[PDB]
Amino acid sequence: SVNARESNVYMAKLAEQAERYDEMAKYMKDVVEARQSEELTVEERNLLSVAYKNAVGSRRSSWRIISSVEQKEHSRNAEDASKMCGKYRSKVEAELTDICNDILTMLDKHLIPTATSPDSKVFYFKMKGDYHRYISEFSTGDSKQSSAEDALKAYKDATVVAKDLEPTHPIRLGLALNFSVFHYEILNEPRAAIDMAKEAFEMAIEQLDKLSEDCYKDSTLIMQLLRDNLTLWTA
């Protein structure tokens, strides 16, 4: 009955070690779609995220490298070569679209509807915002507007639930981290990014003392990324 689950999870772990993430993602995808309304474990949930994050991560990184060369050529009036970069970028975009749509479908149909605890709901609402954001990174015109609006809503929805978590809860901080990034890079609203990140960070600092030895570094890891972004963003 639940034999296939233990086994897909074993394979997902195995593919992560082998660094074959499209396969890691397909294993974890098969866990999600099978589930009778049972919630993914913390361990599974993280594996799904790691797998999608890496599968998408590598295409995003190539996307950026390919774009930069495209604009390098465009500016050196080498038009024949510019178009070649463009055809190649589109191909990477097709892959990005597929992988993002795949995980977002799983979130809309399976993950978000079945989640109980404040933890899970924030976790999955944040994922959806993230993947809409990834689509927003390369999209144009009305695709961009659409995915921008769904990411925004997803982060808002996540923000609403997150108020039930302590200001130093790592899942609450991570949301503010990505939510502020969304504002700055996609919406081009530097003021609301700075505020959001500043708020999340100050609210956490106000409470670092009310934490224990074996728990505070998970928090500081992320409060640190928050400061690093603020430093970059503030002239």
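In this text, residue numbers run from 1 along the sequence as written.
Where coordinates are absent for parts of the deposited sequence, a chain break appears; between neighbours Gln36 and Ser37 it spans 1 to 3 residues. Comparing 216-224 with 12-20, the stretch with the higher mean C-alpha B-factor in the PDB entry is 216-224. Stretches 127-135 and 156-164 differ in mean CA B factor, with 156-164 having the higher one. When the C-alpha B-factors of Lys53, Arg172, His183, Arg45 are read from the PDB record, the largest value belongs to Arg45.
Residue-level inspection of the entry shows that, of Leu177, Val32, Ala193, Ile65, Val32 has the top Cα B-factor. Among the modelled residues of its chain, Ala81 has a C-alpha B-factor that falls in the highest third according to the deposited record. Among the modelled residues of its chain, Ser147 has a C-alpha B-factor that falls in the lowest third according to the deposited record. The deposited CA B-factor of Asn229 belongs to the lowest third of values across its chain. For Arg60, the recorded CA temperature factor ranks within the lowest third of the chain's modelled residues.
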